[PDB]
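Okay, so here's the structure we're looking at.
We did not get these values from a lab; they are worked out from the coordinates using the rules stated. When we count neighbours, we look across all protein chains shown, and the Cβ atoms used for this are built from the backbone with ideal geometry, even at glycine.
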Amino acid sequence: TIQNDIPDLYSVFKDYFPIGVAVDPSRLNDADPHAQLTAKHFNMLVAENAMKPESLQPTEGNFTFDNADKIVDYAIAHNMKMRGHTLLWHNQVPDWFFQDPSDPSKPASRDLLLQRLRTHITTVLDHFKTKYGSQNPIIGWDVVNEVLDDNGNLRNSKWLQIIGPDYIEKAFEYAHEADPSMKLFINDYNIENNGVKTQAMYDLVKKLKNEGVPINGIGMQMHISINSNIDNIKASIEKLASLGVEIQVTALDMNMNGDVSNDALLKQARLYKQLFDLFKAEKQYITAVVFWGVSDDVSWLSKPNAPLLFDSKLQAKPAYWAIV
Ligand SMILES: O[C@@H]1[C@@H](O)[C@H](O[C@@H]2CO[C@H](O)[C@H](O)[C@H]2O)OC[C@H]1O
């Protein structure tokens, strides 16, 4: 059962940015406490999995939007905005995209993969626009996800292998043409550490924007840990923000490295407070902060963990109180 009378989390940040959460379509019924926590605390929603490539086009031409639409319907019912995650990724993407259809032992050509990417992107954006029109809650999409490797080079996924480095620009071009009202984001992890990957993201977006690619923002996943350095996060936000693009914290959670002790929860509270003070200070750049999961019991991190503001019993943790 949830605490109904404590402050609605997002309301604390109404003069800063929307506070969202990634959800599962099976946790949206009125009588479900996870759904109750969702509607109470967040004014933005993201599909944890239902809008990924495999979730939307499992086999070629066979689009499965029911779960995604259920989440959209819920967002509309609760006056929430949404982020669309994600049009291209190297995980949770069906193998068929990359296969020659006449000979599945061989790879698709650059032209075929680009056409499939265009058809997927266009169908996905046209689906939400035609089904929901002006009520579509999605304000932007993670057009590409995790396209850098951890050394800052372009990740050598099948997209890069078959098409070449311009596949990124093409994804943005296709998305922009399908729905110019959508804000387009490039999303990634570890770019908050002010290391080689942060520099690589800055370099890549600088290059693509100067070439006219319609990139509107950079999504920083923010899968941080109990040991993360706030100074590095601040430096990363400043560097990326200098490009004149929006910054969104897209998948926030805190890896506790197996220590879920009460002492660790207090340390987590101090770190989350510093993190949100930083986000507030950077409100001129940050346009959304989204948690990757509603409560600890449904976090994607392996156990044991305690990554979020609500615990495995759906109760507000010390970090929640520290922030509000
Ligand atoms: O249910 C999990 C999802 O939570 C997970 O989502 C990933 C998390 O890492 C990044 O934020 C990425 O962009 C998200 O898509 O994906 C695996 C799935 O089993």
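Okay, residues lined up against (1) small (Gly, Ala, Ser); (2) assigned to a helix (DSSP H, G or I); (3) in contact with a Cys (Cβ under 9 Å, 6 or more places away or on another chain); (4) within 16 Å of the ligand (Cβ to nearest atom):
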residue: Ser105; (1), (2), (3), (4): yes, no, no, no
residue: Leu112; (1), (2), (3), (4): no, yes, no, no
residue: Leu117; (1), (2), (3), (4): no, yes, no, no
residue: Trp141; (1), (2), (3), (4): no, no, no, yes
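If I ask for residues that are surrounded by fewer than 17 Cβ atoms within 10 Å (Cβ to Cβ) and within 16 Å of the ligand (Cβ to nearest atom), which ones from segment 287-324 would you list?
Listed by number, the residues that qualify are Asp297, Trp300, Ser302, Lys303.
Residues of segment 270-281 being crowded, with 18+ Cβ neighbours inside 10 Å and either of a type outside the set (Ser, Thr, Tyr) or touching a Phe, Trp or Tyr at 6+ places or on another chain (Cβ under 6 Å) (or both), which ones? Talk me through it step by step, then tell me what you get.
The first filter runs over segment 270-281 and keeps only residues crowded, with 18+ Cβ neighbours inside 10 Å, leaving 271-272, 275-276, 279.
Residues satisfying the conditions are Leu271, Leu275, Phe276, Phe279.
Please determine, by comparing only the residues of segment 48-67 that are touching a residue at least 60 places away in the same chain (Cβ under 8 Å) and more than 13 Å from the ligand (Cβ to nearest atom), which one is farthest from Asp253 (Cα to Cα). Steps first, answer last, please.
Start the filter on segment 48-67 by keeping residues that are touching a residue at least 60 places away in the same chain (Cβ under 8 Å), which leaves 48, 51, 53, 56-57, 63, 65.
Then keep just the ones that are more than 13 Å from the ligand (Cβ to nearest atom); that gives 56-57, 63, 65.
Details: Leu56: 26, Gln57: 28, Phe63: 31, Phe65: 27 Å.
Filtering first and then ranking leaves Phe63.
Does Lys70 qualify as being basic (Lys, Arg), away from the ligand (no atom under 16 Å from the Cβ) and over 21 Å from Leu309 (Cα atoms)? Can you show your working first?
Values: basic (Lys, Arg): yes; away from the ligand (no atom under 16 Å from the Cβ): yes; over 21 Å from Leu309 (Cα atoms): yes.
Taking the combined requirement at face value, the residue satisfies it.
Mind counting the residues in segment 24-72 that are in a loop (DSSP other than H, G, I, E, B) and in contact with an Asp or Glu (Cβ under 6 Å, 6 or more places away or on another chain)?
Step one: filter segment 24-72 for residues in a loop (DSSP other than H, G, I, E, B), giving 24, 28-32, 42-43, 48-52, 57-58, 60-61, 63-65.
Retained after the next criterion (residues that are in contact with an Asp or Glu (Cβ under 6 Å, 6 or more places away or on another chain)): 24, 48.
The number of residues fulfilling the criteria is 2.
Quick one: would you say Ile237 is among the hydrophobic types (A, V, I, L, M, F, W, C), touching a helix residue (DSSP H, G or I) at 6+ places or on another chain (Cβ under 9 Å) and crowded, with 17+ Cβ neighbours inside 10 Å?
Yes: the conditions hold for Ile237.
Would you be able to say whether some residue in segment 123-136 is under 21 Å from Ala200 (Cα atoms) and of a type in the set (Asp, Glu)?
Taking segment 123-136 and keeping what is under 21 Å from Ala200 (Cα atoms), we get none.
The answer is no, given that none of the residues of segment 123-136 is under 21 Å from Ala200 (Cα atoms) and of a type in the set (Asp, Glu).
Considering only segment 1-23, state which residues are in contact with a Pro (Cβ under 9 Å, 6 or more places away or on another chain) and assigned to a loop (DSSP other than H, G, I, E, B). Working first, answer last.
Applying the first criterion (in contact with a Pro (Cβ under 9 Å, 6 or more places away or on another chain)) to segment 1-23 yields 1-2, 10.
Hits for segment 1-23 are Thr1, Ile2.
How many residues does segment 165-203 contain that are touching a strand residue (DSSP E or B) at 6+ places or on another chain (Cβ under 8 Å) and over 22 Å from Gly84 (Cα atoms)?
Final tally of qualifying residues: 3.
Collect the residues in segment 6-45 that are surrounded by 17 or more Cβ atoms within 10 Å (Cβ to Cβ), within 16 Å of the ligand (Cβ to nearest atom) and among the polar types (S, T, N, Q), keeping them in residue-number order.
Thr38
Let me spell it out: the conditions are (1) within 16 Å of the ligand (Cβ to nearest atom); (2) touching a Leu at 6+ places or on another chain (Cβ under 6 Å), and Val205 meets all of them except one. Which number is the exception?
(1)
Given (1) surrounded by 17 or more Cβ atoms within 10 Å (Cβ to Cβ); (2) charged (D, E, K, R); (3) more than 16 Å from the ligand (Cβ to nearest atom), identify the lone condition not met by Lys197.
Only one criterion is unmet by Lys197, namely (3).
Tell me whether segment 106-114 contains one or more residues that are in contact (Cβ under 8 Å) with a residue 24 or more places away in the chain, in contact with a helix residue (DSSP H, G or I) (Cβ under 9 Å, 6 or more places away or on another chain), under 19 Å from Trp292 (Cα atoms) and buried (at least 18 other Cβ atoms within 10 Å of the Cβ).
Our first condition is that a residue be in contact (Cβ under 8 Å) with a residue 24 or more places away in the chain; within segment 106-114, this holds for 107-110, 113-114.
Now drop any that are not in contact with a helix residue (DSSP H, G or I) (Cβ under 9 Å, 6 or more places away or on another chain), which leaves 107-110, 113-114.
Among the residues that remain, those that are also under 19 Å from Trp292 (Cα atoms) are: none.
No; the residues of segment 106-114 include none that is in contact (Cβ under 8 Å) with a residue 24 or more places away in the chain, in contact with a helix residue (DSSP H, G or I) (Cβ under 9 Å, 6 or more places away or on another chain), under 19 Å from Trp292 (Cα atoms) and buried (at least 18 other Cβ atoms within 10 Å of the Cβ).
In segment 73-100, which residues are in a strand (DSSP E or B) and within 16 Å of the ligand (Cβ to nearest atom)?
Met82, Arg83, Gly84, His85 - these are the residues of segment 73-100 that are in a strand (DSSP E or B) and within 16 Å of the ligand (Cβ to nearest atom).
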